[PDB]
Amino acid sequence: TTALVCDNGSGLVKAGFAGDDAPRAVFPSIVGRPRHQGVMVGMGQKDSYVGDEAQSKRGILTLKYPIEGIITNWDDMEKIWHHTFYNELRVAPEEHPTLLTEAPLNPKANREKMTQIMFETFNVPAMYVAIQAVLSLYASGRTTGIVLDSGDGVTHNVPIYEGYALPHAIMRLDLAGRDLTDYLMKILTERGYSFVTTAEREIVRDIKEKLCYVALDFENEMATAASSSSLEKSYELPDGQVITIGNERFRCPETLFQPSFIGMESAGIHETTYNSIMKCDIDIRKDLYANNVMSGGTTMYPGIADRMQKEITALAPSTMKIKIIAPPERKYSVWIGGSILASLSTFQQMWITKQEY
Amino acid sequence: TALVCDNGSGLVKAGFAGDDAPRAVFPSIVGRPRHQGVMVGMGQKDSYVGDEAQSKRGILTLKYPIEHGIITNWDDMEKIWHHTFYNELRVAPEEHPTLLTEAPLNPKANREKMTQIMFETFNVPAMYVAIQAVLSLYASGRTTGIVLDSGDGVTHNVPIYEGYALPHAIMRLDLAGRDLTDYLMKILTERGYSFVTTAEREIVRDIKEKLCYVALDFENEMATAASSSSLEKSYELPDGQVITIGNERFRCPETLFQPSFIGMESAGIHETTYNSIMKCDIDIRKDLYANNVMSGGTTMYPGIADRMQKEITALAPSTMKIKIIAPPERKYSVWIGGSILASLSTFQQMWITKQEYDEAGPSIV
Amino acid sequence: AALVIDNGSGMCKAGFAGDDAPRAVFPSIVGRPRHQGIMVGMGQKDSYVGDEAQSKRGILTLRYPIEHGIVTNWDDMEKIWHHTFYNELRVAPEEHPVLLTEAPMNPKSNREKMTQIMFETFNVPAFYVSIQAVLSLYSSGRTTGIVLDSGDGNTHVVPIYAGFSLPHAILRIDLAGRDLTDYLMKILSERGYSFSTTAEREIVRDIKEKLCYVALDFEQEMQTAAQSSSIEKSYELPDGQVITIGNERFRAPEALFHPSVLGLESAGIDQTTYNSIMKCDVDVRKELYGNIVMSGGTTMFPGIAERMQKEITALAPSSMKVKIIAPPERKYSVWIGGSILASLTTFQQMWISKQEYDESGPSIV
């Protein structure tokens, strides 16, 4: 049979099989557990729902995201993971080796219980759980470097050398993708709009994909936006009106570097990168600086790479080659790594089989 | 063995399960005598239901027990069912499971009290209560759509997807079969006539059923009324006064699209559909726009389905497939669904018995 | 003196600076006839606004020109101001500093349309628009406070700090004073009543403002209202009949905290106050927790302030001093906050001159 891979973050799961280079089941890892007695405008009333229908269910089911970069809610996770192998992947666990990824710092207590559940509640014949950004650097074709992994919930720096992310220096920052939307939401709200419900919120996030960018220098950009129309990038809102936005476009994701816009002082993605490269020792630093690697739904933002080329150089002593590598695949690279790695013949004898457990 | 008995603002429809068409059928009327005299055949009488009442209507005091599909009095109602089992079906309630129907917005109390009367007086073994528009969807055989239930008393938009009716998407609009007939009273009397007595009081109802049209393109049919075409339609009274109904004939069904014709400053059926489909979820919508099912006595009009076809198509996205499903049977669908459901090989373990009823009390049903 | 006019989506409130209570209190309604006559009873003016329009709602077409504190229909808005001057206060705009309001989350064009009309038609010498919440905080006696300006049409929650509103967390809920009545219209009807038309619906409106209450616990009170007639309240209908209103008296307020009963995909007013504090920075949160300005008529129903205190200490930290601030004059809160602000000798320099308008246009506010 072939193995399966399922990457989990605070927002989009990616599930699929090993062998294929492209993830199969990408969905909102949202469950909806009944709040009270309520009936859908459509469906009758029934229990917990995972995915897109739960988003359309919003007022009858309380909506959880089981993963805040770490697994918070255990039953909810399993709820998804049945819906994964079954409703998404259309197969059964007993035939199927399965790899789940994870956010690097994941506490031992999580890992032990993660192993249990999938061998028990699910019964996969062998399985693996694996450190996300190491599989990004691997999907990036590298023995070394430093991934900046940032998506819907948590942001990361892993200084990797010859198989290992330097643990103590795996810098985390919890300002990431939702933080960006809910800022972009509040800005437009202040201007005399308001989303709250379901459709309009999601529209604001789509705006984040189309209008938003981080500019190299925020003060020269702060100026041009407020000066002249070039930046005034329109969008056609579902009622009809064109919201023109010039400053707010770059203003919104600037929270990665200057987080103080929402209200955050702990070290920006740039400064975290300088300090992870440092938080290591001292020689390997170069091919960390020269292989800053971007992955995850947030690193999708345009301009972000050129900016980090400034943003590290500023602090890094002159003779270090700063280079920022960012794959086009980026939102899935942890899966794309995990498929190829799962499929590895060399790696067969590391599939922990149901006998050792 | 099982029974199905649909309670209406106009007519009760009763029978057994699995029969195609209703066994008992009677006007929801409860009369009381106004004159102390013997109707030579009976002794003294209490009250008259149905056609007993609709015969003696002059000497009686008639009362409408179920205003608009909501049971408005339980005294008169208990007698209606007291008439239903014994006189009509001619059998004893206690060996017979009994499915009844309910209003789309029907209060708990009304469901529970109909069921109190059901067991605690008539002693039936098992009963069910089911939401009128769903049972039309179930006579249309599907699990999903938007059901335009217009009977005598009430007009409704009930969306359903999978089985159960959607309470906050159910639209209701209290202008329907009655409001239209007694409007056709005014415009035809306005046309130089007067329905003075009982059977042409009935003829203003009769003309409405048989002769009338929801003309498609009303405007350029108003032109056709004014340039005078042979659209005119005589019909005789009990005397030889041939009455000529031409234009009003369509100018009365026109009220199910504009409530202005009687005097309600509100949106016609067509819109209220579209609005309910708006208030319904996005992903469902393609079903609702294509499973718009109409039923109740008033939907029988020649042209109403075509007209509904165009009205919501003029409101929907042009990427959307639309369908208004008007069955040839629609005036009894609420019972056909009931009958089929009671006769289902899977339904027996939803036959709510007295065992379930007693131990739990009224709130089981 | 100046003028201060809170253009409320139910009731507008005009007057002068420095007075304690609003001089023109009136519903924001413009009535225009279906067809103007020449005489009383037919309708002889092209526009009747507010109370006169209310007594005359038969020939007129009533509309409320302001929705969720956003004026949709700028014709009718001007009409309302034109009334307020000559008909109501009995004044002339060009003689006057006028101060008007807007609901937070009012768009630029919407302000600018207003800001122009005051200075181009009404040619007032000085004009200020203001944020209903920052004015509620000014009526409270604070620089800083989170504000549930739950109006009739719009419930806006604002977390103000040092005079600035942090719109950052201005979360809005779409139920409010009207959405409450129209729930009570449904549920009194459920208890065997007929409230449908304006006359009948206004009876529902008055029941709400008089007899109603917000239970401190929804359970204890459901069980009690299903038993002891202490909850029951007698009510004289203006026709003559005394009726009694029962558990609807709290379940209709409980829409605010459980929108679910209406079938709204929202969380309660309480839960939103929490999310509005939590969407602000850690330091300001302690004062927001202690300085919840309750404001507006919707926050007037018995038990509501105390109820908010309860649920909010359970949402807030175990170490938190939650405090509700509740004015008895909260129904005119925005107006008194405005009144002070217009009268302020200091604030006089912020009176936007007719000159600077003619050089800078409406964008300066």
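Residues numbered from 1 in each chain as written, not as in the entry; some residues may be left out. Chains lettered and ligands numbered in written order. Part of a larger assembly, values for the part shown. Heavy atoms only, no water.

Deposited coordinates in this entry are attributed by the record to cryo-EM, at a stated resolution of 9.5 Å.

Before going further, it helps to examine the interface of chain A and chain C. The interface is formed by 18 residues belonging to chain A together with 13 residues belonging to chain C. Between chain A and chain C, a total of about 1,300 Å² is buried, with carbon and sulfur atoms accounting for 55% of that surface. The largest per-residue losses of area from chain A upon contact with chain C belong to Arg35, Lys186 and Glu190 of chain A, which jointly make up 28% of the total buried on that side. Applying the counting rule to chain A against chain C returns zero salt bridges. There are four residue pairs in polar contact connecting chain A and chain C. Of all the secondary-structure elements, those providing two or more residues to the side of chain A that touches chain C are α1 (52–57) and α5 (177–190) of chain A. Considering each element in turn, the side of chain A that touches chain C owes the most residues, four residues, to α5 of chain A. Tallied by class, residues from the side of chain A that touches chain C come to five nonpolar, six polar and seven charged. (Contact = heavy atoms within 4.5 Å. Buried area = accessible area lost by both parts, 1.4 Å probe. Salt bridge = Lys/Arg side-chain N within 4 Å of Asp/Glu carboxyl O. Polar contact = N/O pair within 3.5 Å; in protein donor to acceptor, adjacent residues only side chain to side chain. Helix = DSSP H or I, 4+ residues; strand = E, 2+ residues; numbered from the N terminus. Nonpolar A, V, L, I, M, F, W, Y, C, P; charged D, E, K, R; others polar.)

All names here are of chain B. Across the sheet, three strands lie side by side as β5-β4-β6; this open sheet has antiparallel pairing. Two strands close off the open sheet at either side, each with one partner strand: β5 (48–49) and β6 (60–61). Pairing between strand β4 (residues 30–33) and β5: two bridges, direction antiparallel. Each residue of the ladder has a partner; that of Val30, found in β5, is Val49. Here helix α2 (residues 74–88) sits on the sheet in contact with β4 and β5, set at roughly 100° to β4. (Pairing = 2+ DSSP bridges. Axes fitted to C-alpha atoms, helices over the stretch in contact; angles between N-to-C directions.)

Our focus in this paragraph is unusual backbone geometry. Where the residue is not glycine, phi is negative for most of them; where a peptide bond is considered, it is trans in most cases. Of note in this structure, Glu162 of chain A is not a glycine but carries a positive phi near 40°. The residue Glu162 of chain A is located in the loop between β10 (155–161) and β11 (164–165) in this model. With a relative accessible area of 54%, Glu162 of chain A lands in the exposed category. Even without a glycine there, the phi angle at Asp217 of chain B is positive, about 50°. (Buried < 20%, exposed > 50% of the residue type's maximum accessible area, 1.4 Å probe, protein only.)

Residues and elements named next belong to chain C. The interhelical angle for the contact between helix α9 (residues 269–278) and helix α11 (residues 304–315), taken along N-to-C directions, is 45°, at an axis separation of 10 Å. Judged by the angle between their axes, α9 and α11 are oblique. Here the hand of the crossing between α9 and α11 comes out right-handed. Here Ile269, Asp270, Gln271, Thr273 and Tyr274 of α9 lie close against α11, whose contacting residues are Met308, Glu311, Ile312 and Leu315. Of the residues belonging to the contact of α9 with α11, the class tally is five nonpolar, two polar and two charged. (Parallel < 35°, antiparallel > 145°, perpendicular 65-115°, else oblique. Left-handed = near helix turned anticlockwise from the far one by under 90°.)

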